[PDB]
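Cβ placement follows ideal geometry from the backbone for every residue including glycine, while neighbour counts extend to all protein chains displayed. Here, each number is a calculation from the coordinates, and none is a lab measurement.
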Protein chains: 4
Amino acid sequence: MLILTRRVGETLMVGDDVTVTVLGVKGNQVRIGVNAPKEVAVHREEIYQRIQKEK
Amino acid sequence: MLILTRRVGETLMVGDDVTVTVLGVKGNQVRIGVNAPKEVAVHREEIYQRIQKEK
Amino acid sequence: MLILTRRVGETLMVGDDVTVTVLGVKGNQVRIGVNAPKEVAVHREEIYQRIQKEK
Amino acid sequence: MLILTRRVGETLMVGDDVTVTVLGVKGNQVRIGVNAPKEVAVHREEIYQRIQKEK
RNA sequence: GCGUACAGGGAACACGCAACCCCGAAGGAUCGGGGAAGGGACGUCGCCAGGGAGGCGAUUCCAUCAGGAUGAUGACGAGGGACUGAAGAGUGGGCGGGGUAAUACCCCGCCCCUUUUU
């Protein structure tokens, strides 16, 4: 429900040092790196969490 | 600490109530947003966390 | 003498290593660029080249 | 940030180095000719970076 | 997003119109301003109806591997010193050769133009 249209990098910052940042882009592919801390669970919403649900 | 290379249309939700994905690309600009609930506070840069730091 | 080469964009001449690439397109001309220093002097199509050949 | 754009009919640079010309145009692909001093180290991004990593 | 054609001193913007936001005003008359950034929009871009609807196409390098690392691998051609090269397709303009009572039309070779293979 949101849209912000960043340019270089602006954090996420819900209060747990999770920060979105655009690193690189060419063509139609965006290097988007997130320096979230290690205690939170990061994942790709794909076949990974699909087989996590289908464990 | 940075995991990246998500193509247009793909999603990268970390496994919680985040729902982060790319919303298209206008060349050198990015379209990015979430449908995270308003209980957690997602914001842009220091231009919108200086209100969070009261400065 | 007149060495020729090929690009789809993002050219390179070693030795300079800072600004060798203006290789974009919008139909007729060059478009892409990020940064360039003042230590690499430039001259357009005889523009200021004539005045530096004069005085 | 000192990004230029000139005519694709012909091109030149400052006088201490004899420099690039322009020959072809095909979409994003482009033929580049340079009237360069052969002796000066000139290379593209193919193998020379790897052999400099070797050296 | 649509565009436009630049201007030179070194500038991802140069301008217009859309797009966006906010304000005011007279209740057959719908008018005018201001800006360039905000937020909790399950988005942007196109269409279909009875006795006051519910619907349909929709992400565009088919790359290809994954993982706590300002990740990687690639993308027709490597040396280069060349108005480079190798191909493929098509357009017509042509030049010839064969077919063709003849004309018209069919096939083959070469030059130029557009497009495809980082």
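Summary of values
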{"quantity": "Selection count, chain C, where residues are among the charged types (D, E, K, R) and facing another protein chain (nearest Cβ under 8 Å)", "calculated": "9"}
{"quantity": "Pairs where the first residue, in the stretch D:1-18, is of a type in the set (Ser, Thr, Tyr) and the second is in a loop (DSSP other than H, G, I, E, B), C-beta under 6 Å, 6+ apart", "calculated": "D:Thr5/C:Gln29; D:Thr5/C:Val30"}
{"quantity": "Test for D:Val14: is it more than 9 Å from RNA strand E (Cβ to nearest atom) and closer than 29 Å to C:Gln52 by Cβ", "calculated": "no"}
{"quantity": "Matching residues, the stretch A:14-37, being of a type in the set (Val, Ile, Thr) and either surrounded by fewer than 16 Cβ atoms within 10 Å (Cβ to Cβ) or in a loop (DSSP other than H, G, I, E, B) (or both)", "calculated": "A:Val14, A:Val18, A:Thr19, A:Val25"}
{"quantity": "Enumeration of residues in the stretch A:38-55 that are near RNA strand E (Cβ under 7 Å from one of its atoms) and crowded, with 17+ Cβ neighbours inside 10 Å", "calculated": "A:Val42"}
